[PDB]
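Peer 1: Hey, dropping input_37.pdb in here, PDB, N, CA and C atoms:
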ATOM      1  N   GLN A1746       0.848  -1.181   0.000  1.00  0.00           N
ATOM      2  CA  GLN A1746       0.000   0.000   0.000  1.00  0.00           C
ATOM      3  C   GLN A1746       0.886   1.235   0.000  1.00  0.00           C
ATOM      4  N   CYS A1747       0.337   2.336  -0.502  1.00  0.00           N
ATOM      5  CA  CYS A1747       1.055   3.601  -0.570  1.00  0.00           C
ATOM      6  C   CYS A1747       0.524   4.529   0.512  1.00  0.00           C
ATOM      7  N   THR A1748       1.439   5.055   1.339  1.00  0.00           N
ATOM      8  CA  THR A1748       1.161   5.851   2.523  1.00  0.00           C
ATOM      9  C   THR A1748       0.972   7.321   2.162  1.00  0.00           C
ATOM     10  N   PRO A1749       0.173   8.046   2.941  1.00  0.00           N
ATOM     11  CA  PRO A1749       0.012   9.482   2.696  1.00  0.00           C
ATOM     12  C   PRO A1749       1.292  10.250   2.976  1.00  0.00           C
ATOM     13  N   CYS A1750       1.478  11.324   2.215  1.00  0.00           N
ATOM     14  CA  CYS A1750       2.607  12.215   2.431  1.00  0.00           C
ATOM     15  C   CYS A1750       2.440  12.938   3.761  1.00  0.00           C
ATOM     16  N   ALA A1751       3.535  13.062   4.503  1.00  0.00           N
ATOM     17  CA  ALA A1751       3.471  13.662   5.827  1.00  0.00           C
ATOM     18  C   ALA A1751       3.174  15.156   5.737  1.00  0.00           C
ATOM     19  N   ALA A1752       2.678  15.704   6.845  1.00  0.00           N
ATOM     20  CA  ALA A1752       2.384  17.128   6.908  1.00  0.00           C
ATOM     21  C   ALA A1752       3.656  17.940   6.699  1.00  0.00           C
ATOM     22  N   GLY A1753       3.535  19.036   5.954  1.00  0.00           N
ATOM     23  CA  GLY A1753       4.699  19.798   5.567  1.00  0.00           C
ATOM     24  C   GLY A1753       5.441  19.248   4.371  1.00  0.00           C
ATOM     25  N   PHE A1754       4.963  18.157   3.786  1.00  0.00           N
ATOM     26  CA  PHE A1754       5.567  17.542   2.617  1.00  0.00           C
ATOM     27  C   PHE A1754       4.524  17.426   1.515  1.00  0.00           C
ATOM     28  N   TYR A1755       4.997  17.221   0.289  1.00  0.00           N
ATOM     29  CA  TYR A1755       4.108  17.103  -0.855  1.00  0.00           C
ATOM     30  C   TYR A1755       4.603  16.001  -1.778  1.00  0.00           C
ATOM     31  N   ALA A1756       3.655  15.299  -2.390  1.00  0.00           N
ATOM     32  CA  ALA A1756       3.983  14.270  -3.365  1.00  0.00           C
ATOM     33  C   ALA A1756       4.565  14.890  -4.630  1.00  0.00           C
ATOM     34  N   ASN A1757       5.490  14.163  -5.256  1.00  0.00           N
ATOM     35  CA  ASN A1757       6.195  14.695  -6.414  1.00  0.00           C
ATOM     36  C   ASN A1757       5.351  14.685  -7.680  1.00  0.00           C
ATOM     37  N   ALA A1758       4.262  13.925  -7.710  1.00  0.00           N
ATOM     38  CA  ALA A1758       3.423  13.826  -8.892  1.00  0.00           C
ATOM     39  C   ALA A1758       1.959  13.878  -8.487  1.00  0.00           C
ATOM     40  N   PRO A1759       1.094  14.428  -9.342  1.00  0.00           N
ATOM     41  CA  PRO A1759      -0.342  14.428  -9.024  1.00  0.00           C
ATOM     42  C   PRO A1759      -0.927  13.037  -8.886  1.00  0.00           C
ATOM     43  N   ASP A1760      -0.435  12.070  -9.654  1.00  0.00           N
ATOM     44  CA  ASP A1760      -0.932  10.704  -9.600  1.00  0.00           C
ATOM     45  C   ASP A1760       0.241   9.740  -9.637  1.00  0.00           C
ATOM     46  N   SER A1761       0.166   8.695  -8.812  1.00  0.00           N
ATOM     47  CA  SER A1761       1.209   7.676  -8.717  1.00  0.00           C
ATOM     48  C   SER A1761       2.557   8.307  -8.360  1.00  0.00           C
ATOM     49  N   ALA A1762       2.590   8.927  -7.185  1.00  0.00           N
ATOM     50  CA  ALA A1762       3.793   9.596  -6.716  1.00  0.00           C
ATOM     51  C   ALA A1762       4.884   8.587  -6.380  1.00  0.00           C
ATOM     52  N   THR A1763       6.134   8.989  -6.611  1.00  0.00           N
ATOM     53  CA  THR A1763       7.274   8.131  -6.323  1.00  0.00           C
ATOM     54  C   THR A1763       8.121   8.611  -5.155  1.00  0.00           C
ATOM     55  N   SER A1764       8.015   9.881  -4.768  1.00  0.00           N
ATOM     56  CA  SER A1764       8.767  10.387  -3.631  1.00  0.00           C
ATOM     57  C   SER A1764       8.018  11.561  -3.017  1.00  0.00           C
ATOM     58  N   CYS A1765       8.296  11.811  -1.741  1.00  0.00           N
ATOM     59  CA  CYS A1765       7.737  12.944  -1.017  1.00  0.00           C
ATOM     60  C   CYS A1765       8.852  13.928  -0.692  1.00  0.00           C
ATOM     61  N   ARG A1766       8.640  15.191  -1.047  1.00  0.00           N
ATOM     62  CA  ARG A1766       9.627  16.243  -0.858  1.00  0.00           C
ATOM     63  C   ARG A1766       9.110  17.276   0.133  1.00  0.00           C
ATOM     64  N   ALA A1767      10.037  17.878   0.870  1.00  0.00           N
ATOM     65  CA  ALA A1767       9.682  18.911   1.828  1.00  0.00           C
ATOM     66  C   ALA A1767       9.297  20.200   1.112  1.00  0.00           C
ATOM     67  N   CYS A1768       8.351  20.921   1.703  1.00  0.00           N
ATOM     68  CA  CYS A1768       7.978  22.222   1.171  1.00  0.00           C
ATOM     69  C   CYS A1768       9.170  23.171   1.255  1.00  0.00           C
ATOM     70  N   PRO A1769       9.448  23.935   0.202  1.00  0.00           N
ATOM     71  CA  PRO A1769      10.689  24.720   0.160  1.00  0.00           C
ATOM     72  C   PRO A1769      10.682  25.906   1.107  1.00  0.00           C
ATOM     73  N   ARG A1770      11.747  26.703   1.060  1.00  0.00           N
ATOM     74  CA  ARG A1770      11.802  27.928   1.844  1.00  0.00           C
ATOM     75  C   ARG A1770      10.686  28.872   1.419  1.00  0.00           C
ATOM     76  N   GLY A1771       9.979  29.422   2.402  1.00  0.00           N
ATOM     77  CA  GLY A1771       8.888  30.335   2.145  1.00  0.00           C
ATOM     78  C   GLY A1771       7.544  29.687   1.893  1.00  0.00           C
ATOM     79  N   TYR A1772       7.448  28.365   1.981  1.00  0.00           N
ATOM     80  CA  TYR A1772       6.197  27.651   1.784  1.00  0.00           C
ATOM     81  C   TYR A1772       5.838  26.890   3.053  1.00  0.00           C
ATOM     82  N   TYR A1773       4.614  26.368   3.086  1.00  0.00           N
ATOM     83  CA  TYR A1773       4.155  25.601   4.237  1.00  0.00           C
ATOM     84  C   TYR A1773       3.065  24.636   3.798  1.00  0.00           C
ATOM     85  N   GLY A1774       3.154  23.392   4.257  1.00  0.00           N
ATOM     86  CA  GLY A1774       2.116  22.422   4.011  1.00  0.00           C
ATOM     87  C   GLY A1774       1.320  22.121   5.263  1.00  0.00           C
ATOM     88  N   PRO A1775       0.107  22.665   5.342  1.00  0.00           N
ATOM     89  CA  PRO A1775      -0.725  22.447   6.533  1.00  0.00           C
ATOM     90  C   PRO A1775      -1.250  21.026   6.648  1.00  0.00           C
ATOM     91  N   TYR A1776      -1.792  20.486   5.561  1.00  0.00           N
ATOM     92  CA  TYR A1776      -2.407  19.169   5.593  1.00  0.00           C
ATOM     93  C   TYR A1776      -1.407  18.094   5.194  1.00  0.00           C
ATOM     94  N   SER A1777      -1.616  16.896   5.726  1.00  0.00           N
ATOM     95  CA  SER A1777      -0.927  15.727   5.214  1.00  0.00           C
ATOM     96  C   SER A1777      -1.588  15.268   3.920  1.00  0.00           C
ATOM     97  N   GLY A1778      -0.850  14.482   3.144  1.00  0.00           N
ATOM     98  CA  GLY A1778      -1.368  14.070   1.858  1.00  0.00           C
ATOM     99  C   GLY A1778      -1.342  15.143   0.798  1.00  0.00           C
ATOM    100  N   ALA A1779      -0.486  16.148   0.949  1.00  0.00           N
ATOM    101  CA  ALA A1779      -0.340  17.170  -0.075  1.00  0.00           C
ATOM    102  C   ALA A1779       0.342  16.596  -1.311  1.00  0.00           C
ATOM    103  N   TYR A1780       0.007  17.158  -2.470  1.00  0.00           N
ATOM    104  CA  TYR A1780       0.585  16.692  -3.721  1.00  0.00           C
ATOM    105  C   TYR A1780       0.766  17.866  -4.669  1.00  0.00           C
ATOM    106  N   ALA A1781       1.853  17.832  -5.433  1.00  0.00           N
ATOM    107  CA  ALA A1781       2.100  18.855  -6.433  1.00  0.00           C
ATOM    108  C   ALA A1781       1.156  18.686  -7.618  1.00  0.00           C
ATOM    109  N   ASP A1782       0.972  19.774  -8.359  1.00  0.00           N
ATOM    110  CA  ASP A1782       0.143  19.771  -9.552  1.00  0.00           C
ATOM    111  C   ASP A1782       0.919  20.385 -10.706  1.00  0.00           C
ATOM    112  N   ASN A1783       0.830  19.750 -11.875  1.00  0.00           N
ATOM    113  CA  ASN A1783       1.547  20.249 -13.043  1.00  0.00           C
ATOM    114  C   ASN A1783       1.025  21.614 -13.468  1.00  0.00           C
ATOM    115  N   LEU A1784      -0.291  21.806 -13.423  1.00  0.00           N
ATOM    116  CA  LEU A1784      -0.872  23.095 -13.768  1.00  0.00           C
ATOM    117  C   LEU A1784      -0.437  24.159 -12.768  1.00  0.00           C
ATOM    118  N   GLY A1785      -0.224  25.375 -13.268  1.00  0.00           N
ATOM    119  CA  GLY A1785       0.275  26.433 -12.414  1.00  0.00           C
ATOM    120  C   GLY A1785       1.718  26.187 -12.012  1.00  0.00           C
ATOM    121  N   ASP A1786       2.096  26.749 -10.868  1.00  0.00           N
ATOM    122  CA  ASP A1786       3.436  26.535 -10.341  1.00  0.00           C
ATOM    123  C   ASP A1786       3.622  25.073  -9.958  1.00  0.00           C
ATOM    124  N   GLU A1787       4.819  24.550 -10.214  1.00  0.00           N
ATOM    125  CA  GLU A1787       5.104  23.143  -9.968  1.00  0.00           C
ATOM    126  C   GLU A1787       5.338  22.826  -8.498  1.00  0.00           C
ATOM    127  N   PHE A1788       5.402  23.834  -7.632  1.00  0.00           N
ATOM    128  CA  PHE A1788       5.667  23.618  -6.218  1.00  0.00           C
ATOM    129  C   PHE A1788       4.411  23.676  -5.360  1.00  0.00           C
ATOM    130  N   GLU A1789       3.239  23.860  -5.962  1.00  0.00           N
ATOM    131  CA  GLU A1789       2.000  24.013  -5.218  1.00  0.00           C
ATOM    132  C   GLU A1789       0.935  23.084  -5.780  1.00  0.00           C
ATOM    133  N   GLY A1790      -0.085  22.836  -4.964  1.00  0.00           N
ATOM    134  CA  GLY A1790      -1.221  22.044  -5.365  1.00  0.00           C
ATOM    135  C   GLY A1790      -2.480  22.496  -4.655  1.00  0.00           C
ATOM    136  N   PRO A1791      -3.598  21.810  -4.905  1.00  0.00           N
ATOM    137  CA  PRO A1791      -4.833  22.158  -4.183  1.00  0.00           C
ATOM    138  C   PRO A1791      -4.685  22.069  -2.677  1.00  0.00           C
ATOM    139  N   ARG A1792      -3.944  21.078  -2.186  1.00  0.00           N
ATOM    140  CA  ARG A1792      -3.563  21.005  -0.783  1.00  0.00           C
ATOM    141  C   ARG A1792      -2.053  21.038  -0.606  1.00  0.00           C
ATOM    142  N   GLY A1793      -1.306  21.254  -1.683  1.00  0.00           N
ATOM    143  CA  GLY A1793       0.137  21.241  -1.638  1.00  0.00           C
ATOM    144  C   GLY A1793       0.699  22.444  -0.903  1.00  0.00           C
ATOM    145  N   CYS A1794       2.015  22.590  -1.014  1.00  0.00           N
ATOM    146  CA  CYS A1794       2.707  23.683  -0.347  1.00  0.00           C
ATOM    147  C   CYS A1794       2.225  25.025  -0.879  1.00  0.00           C
TER
ATOM    148  N   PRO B1546      -8.743 -30.922  11.450  1.00  0.00           N
ATOM    149  CA  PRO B1546      -7.845 -30.075  12.247  1.00  0.00           C
ATOM    150  C   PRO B1546      -8.110 -28.577  12.116  1.00  0.00           C
ATOM    151  N   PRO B1547      -7.857 -27.829  13.185  1.00  0.00           N
ATOM    152  CA  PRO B1547      -8.072 -26.375  13.179  1.00  0.00           C
ATOM    153  C   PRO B1547      -7.159 -25.604  12.227  1.00  0.00           C
ATOM    154  N   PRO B1548      -7.605 -24.430  11.793  1.00  0.00           N
ATOM    155  CA  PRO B1548      -6.824 -23.601  10.866  1.00  0.00           C
ATOM    156  C   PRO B1548      -5.726 -22.769  11.528  1.00  0.00           C
ATOM    157  N   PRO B1549      -4.611 -22.590  10.827  1.00  0.00           N
ATOM    158  CA  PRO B1549      -3.469 -21.831  11.357  1.00  0.00           C
ATOM    159  C   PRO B1549      -3.763 -20.366  11.687  1.00  0.00           C
ATOM    160  N   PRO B1550      -3.012 -19.802  12.628  1.00  0.00           N
ATOM    161  CA  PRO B1550      -3.203 -18.404  13.040  1.00  0.00           C
ATOM    162  C   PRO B1550      -2.806 -17.371  11.986  1.00  0.00           C
ATOM    163  N   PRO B1551      -3.176 -16.111  12.199  1.00  0.00           N
ATOM    164  CA  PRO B1551      -2.800 -15.037  11.269  1.00  0.00           C
ATOM    165  C   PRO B1551      -1.453 -14.382  11.574  1.00  0.00           C
ATOM    166  N   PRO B1552      -0.676 -14.091  10.534  1.00  0.00           N
ATOM    167  CA  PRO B1552       0.654 -13.488  10.699  1.00  0.00           C
ATOM    168  C   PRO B1552       0.657 -12.111  11.363  1.00  0.00           C
ATOM    169  N   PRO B1553       1.677 -11.833  12.168  1.00  0.00           N
ATOM    170  CA  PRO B1553       1.794 -10.537  12.848  1.00  0.00           C
ATOM    171  C   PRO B1553       1.973  -9.344  11.911  1.00  0.00           C
ATOM    172  N   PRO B1554       1.341  -8.219  12.233  1.00  0.00           N
ATOM    173  CA  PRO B1554       1.437  -7.013  11.400  1.00  0.00           C
ATOM    174  C   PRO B1554       2.855  -6.474  11.224  1.00  0.00           C
ATOM    175  N   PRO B1555       3.151  -5.904  10.060  1.00  0.00           N
ATOM    176  CA  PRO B1555       4.483  -5.346   9.793  1.00  0.00           C
ATOM    177  C   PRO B1555       4.927  -4.272  10.783  1.00  0.00           C
ATOM    178  N   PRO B1556       6.235  -4.103  10.951  1.00  0.00           N
ATOM    179  CA  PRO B1556       6.765  -3.086  11.868  1.00  0.00           C
ATOM    180  C   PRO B1556       6.328  -1.659  11.550  1.00  0.00           C
ATOM    181  N   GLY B1557       6.554  -0.743  12.488  1.00  0.00           N
ATOM    182  CA  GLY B1557       6.159   0.642  12.319  1.00  0.00           C
ATOM    183  C   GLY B1557       6.771   1.310  11.104  1.00  0.00           C
ATOM    184  N   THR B1558       6.007   2.202  10.482  1.00  0.00           N
ATOM    185  CA  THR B1558       6.464   2.924   9.302  1.00  0.00           C
ATOM    186  C   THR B1558       7.662   3.809   9.635  1.00  0.00           C
ATOM    187  N   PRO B1559       8.555   3.989   8.668  1.00  0.00           N
ATOM    188  CA  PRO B1559       9.731   4.845   8.867  1.00  0.00           C
ATOM    189  C   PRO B1559       9.394   6.300   9.176  1.00  0.00           C
ATOM    190  N   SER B1560      10.336   7.021   9.773  1.00  0.00           N
ATOM    191  CA  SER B1560      10.100   8.401  10.177  1.00  0.00           C
ATOM    192  C   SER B1560      10.154   9.344   8.979  1.00  0.00           C
ATOM    193  N   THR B1561      10.610  10.569   9.212  1.00  0.00           N
ATOM    194  CA  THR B1561      10.681  11.572   8.159  1.00  0.00           C
ATOM    195  C   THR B1561      12.048  12.249   8.156  1.00  0.00           C
ATOM    196  N   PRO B1562      12.473  12.725   6.989  1.00  0.00           N
ATOM    197  CA  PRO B1562      13.780  13.386   6.860  1.00  0.00           C
ATOM    198  C   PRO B1562      13.942  14.666   7.684  1.00  0.00           C
ATOM    199  N   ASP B1563      15.143  15.234   7.668  1.00  0.00           N
ATOM    200  CA  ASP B1563      15.447  16.418   8.465  1.00  0.00           C
ATOM    201  C   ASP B1563      15.253  17.702   7.664  1.00  0.00           C
ATOM    202  N   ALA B1564      15.795  18.802   8.178  1.00  0.00           N
ATOM    203  CA  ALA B1564      15.692  20.094   7.511  1.00  0.00           C
ATOM    204  C   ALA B1564      16.624  20.166   6.307  1.00  0.00           C
ATOM    205  N   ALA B1585      34.918  70.950   2.200  1.00  0.00           N
ATOM    206  CA  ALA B1585      35.868  71.782   2.928  1.00  0.00           C
ATOM    207  C   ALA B1585      36.554  72.767   1.990  1.00  0.00           C
ATOM    208  N   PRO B1586      35.807  73.774   1.553  1.00  0.00           N
ATOM    209  CA  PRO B1586      36.326  74.790   0.627  1.00  0.00           C
ATOM    210  C   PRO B1586      37.540  75.561   1.141  1.00  0.00           C
ATOM    211  N   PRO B1587      38.355  76.083   0.229  1.00  0.00           N
ATOM    212  CA  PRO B1587      39.551  76.841   0.612  1.00  0.00           C
ATOM    213  C   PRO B1587      39.274  78.286   1.026  1.00  0.00           C
ATOM    214  N   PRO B1588      39.867  78.718   2.135  1.00  0.00           N
ATOM    215  CA  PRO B1588      39.648  80.071   2.663  1.00  0.00           C
ATOM    216  C   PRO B1588      39.975  81.209   1.697  1.00  0.00           C
ATOM    217  N   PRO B1589      39.148  82.251   1.698  1.00  0.00           N
ATOM    218  CA  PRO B1589      39.349  83.407   0.814  1.00  0.00           C
ATOM    219  C   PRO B1589      40.646  84.177   1.051  1.00  0.00           C
ATOM    220  N   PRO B1590      41.141  84.860   0.022  1.00  0.00           N
ATOM    221  CA  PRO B1590      42.386  85.631   0.139  1.00  0.00           C
ATOM    222  C   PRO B1590      42.288  86.862   1.040  1.00  0.00           C
TER
END
Can you turn what I pasted into structure tokens?
Peer 2:
Amino acid sequence: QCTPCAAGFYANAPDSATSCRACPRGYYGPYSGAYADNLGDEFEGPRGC
Amino acid sequence: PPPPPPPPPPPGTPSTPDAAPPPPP
């Protein structure tokens, strides 16, 4: 099974993520299970950083 | 004969990574 990304971290891909990366300087991930989105900036998502 | 028991759950998940003008004449 694939585990949720920890709080303050975001999945590297919108679907079928392979690694979890920390939110960069100046960003913050409130919720766990954050994931990046290709649309818009590559460092943010609907719940991402 | 009775059926065998169920296997023990896997170990805990891993943690997370770290961080002056001149005077007049």
Peer 1: Evaluating the PyMOL selection byres ((chain A and resi 1748-1758) around 8) on the displayed file yields which residues, as a VMD selection string?
Peer 2: (chain A and resid 1746 to 1747 1759 to 1769 1772 to 1783 1788 1792 to 1794) or (chain B and resid 1561)
Peer 1: Suppose we keep N, CA and C atoms; can you now write the selection as a compact mmCIF listing (two decimals), keeping the file's coordinate frame?
Peer 2:
# COMPACT_ATOMS: atom_id res chain seq x y z
N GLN A 1746 0.85 -1.18 0.00
CA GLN A 1746 0.00 0.00 0.00
C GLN A 1746 0.89 1.24 0.00
N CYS A 1747 0.34 2.34 -0.50
CA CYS A 1747 1.06 3.60 -0.57
C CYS A 1747 0.52 4.53 0.51
N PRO A 1759 1.09 14.43 -9.34
CA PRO A 1759 -0.34 14.43 -9.02
C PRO A 1759 -0.93 13.04 -8.89
N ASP A 1760 -0.44 12.07 -9.65
CA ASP A 1760 -0.93 10.70 -9.60
C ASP A 1760 0.24 9.74 -9.64
N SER A 1761 0.17 8.70 -8.81
CA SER A 1761 1.21 7.68 -8.72
C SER A 1761 2.56 8.31 -8.36
N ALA A 1762 2.59 8.93 -7.18
CA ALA A 1762 3.79 9.60 -6.72
C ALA A 1762 4.88 8.59 -6.38
N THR A 1763 6.13 8.99 -6.61
CA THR A 1763 7.27 8.13 -6.32
C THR A 1763 8.12 8.61 -5.16
N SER A 1764 8.02 9.88 -4.77
CA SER A 1764 8.77 10.39 -3.63
C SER A 1764 8.02 11.56 -3.02
N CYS A 1765 8.30 11.81 -1.74
CA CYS A 1765 7.74 12.94 -1.02
C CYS A 1765 8.85 13.93 -0.69
N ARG A 1766 8.64 15.19 -1.05
CA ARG A 1766 9.63 16.24 -0.86
C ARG A 1766 9.11 17.28 0.13
N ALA A 1767 10.04 17.88 0.87
CA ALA A 1767 9.68 18.91 1.83
C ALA A 1767 9.30 20.20 1.11
N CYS A 1768 8.35 20.92 1.70
CA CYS A 1768 7.98 22.22 1.17
C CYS A 1768 9.17 23.17 1.25
N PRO A 1769 9.45 23.94 0.20
CA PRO A 1769 10.69 24.72 0.16
C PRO A 1769 10.68 25.91 1.11
N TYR A 1772 7.45 28.36 1.98
CA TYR A 1772 6.20 27.65 1.78
C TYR A 1772 5.84 26.89 3.05
N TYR A 1773 4.61 26.37 3.09
CA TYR A 1773 4.16 25.60 4.24
C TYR A 1773 3.06 24.64 3.80
N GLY A 1774 3.15 23.39 4.26
CA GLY A 1774 2.12 22.42 4.01
C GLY A 1774 1.32 22.12 5.26
N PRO A 1775 0.11 22.66 5.34
CA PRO A 1775 -0.72 22.45 6.53
C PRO A 1775 -1.25 21.03 6.65
N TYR A 1776 -1.79 20.49 5.56
CA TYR A 1776 -2.41 19.17 5.59
C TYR A 1776 -1.41 18.09 5.19
N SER A 1777 -1.62 16.90 5.73
CA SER A 1777 -0.93 15.73 5.21
C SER A 1777 -1.59 15.27 3.92
N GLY A 1778 -0.85 14.48 3.14
CA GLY A 1778 -1.37 14.07 1.86
C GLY A 1778 -1.34 15.14 0.80
N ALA A 1779 -0.49 16.15 0.95
CA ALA A 1779 -0.34 17.17 -0.08
C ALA A 1779 0.34 16.60 -1.31
N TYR A 1780 0.01 17.16 -2.47
CA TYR A 1780 0.58 16.69 -3.72
C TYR A 1780 0.77 17.87 -4.67
N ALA A 1781 1.85 17.83 -5.43
CA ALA A 1781 2.10 18.86 -6.43
C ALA A 1781 1.16 18.69 -7.62
N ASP A 1782 0.97 19.77 -8.36
CA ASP A 1782 0.14 19.77 -9.55
C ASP A 1782 0.92 20.39 -10.71
N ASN A 1783 0.83 19.75 -11.88
CA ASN A 1783 1.55 20.25 -13.04
C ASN A 1783 1.02 21.61 -13.47
N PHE A 1788 5.40 23.83 -7.63
CA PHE A 1788 5.67 23.62 -6.22
C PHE A 1788 4.41 23.68 -5.36
N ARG A 1792 -3.94 21.08 -2.19
CA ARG A 1792 -3.56 21.00 -0.78
C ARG A 1792 -2.05 21.04 -0.61
N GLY A 1793 -1.31 21.25 -1.68
CA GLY A 1793 0.14 21.24 -1.64
C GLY A 1793 0.70 22.44 -0.90
N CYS A 1794 2.02 22.59 -1.01
CA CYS A 1794 2.71 23.68 -0.35
C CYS A 1794 2.22 25.02 -0.88
N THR B 1561 10.61 10.57 9.21
CA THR B 1561 10.68 11.57 8.16
C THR B 1561 12.05 12.25 8.16
Peer 1: Please extract the residues of chain A with a backbone DSSP assignment of strand (DSSP E) and present them as a PyMOL selection string.
Peer 2: chain A and resi 1754-1756+1765-1767+1779-1780
Peer 1: Could you write out as a PyMOL selection string the residues of chain B within 12 Å of chain A, counting only C-alpha atoms?
Peer 2: chain B and resi 1558-1564
Peer 1: Once 8 Å is added on each side, what centre and edge lengths in Å to one decimal does the axis-aligned box around all listed atoms of segment 1773-1783 of chain A have, as AutoDock Vina command-line options?
Peer 2:
--center_x 1.1 --center_y 20.2 --center_z -3.4 --size_x 23.0 --size_y 28.3 --size_z 36.1
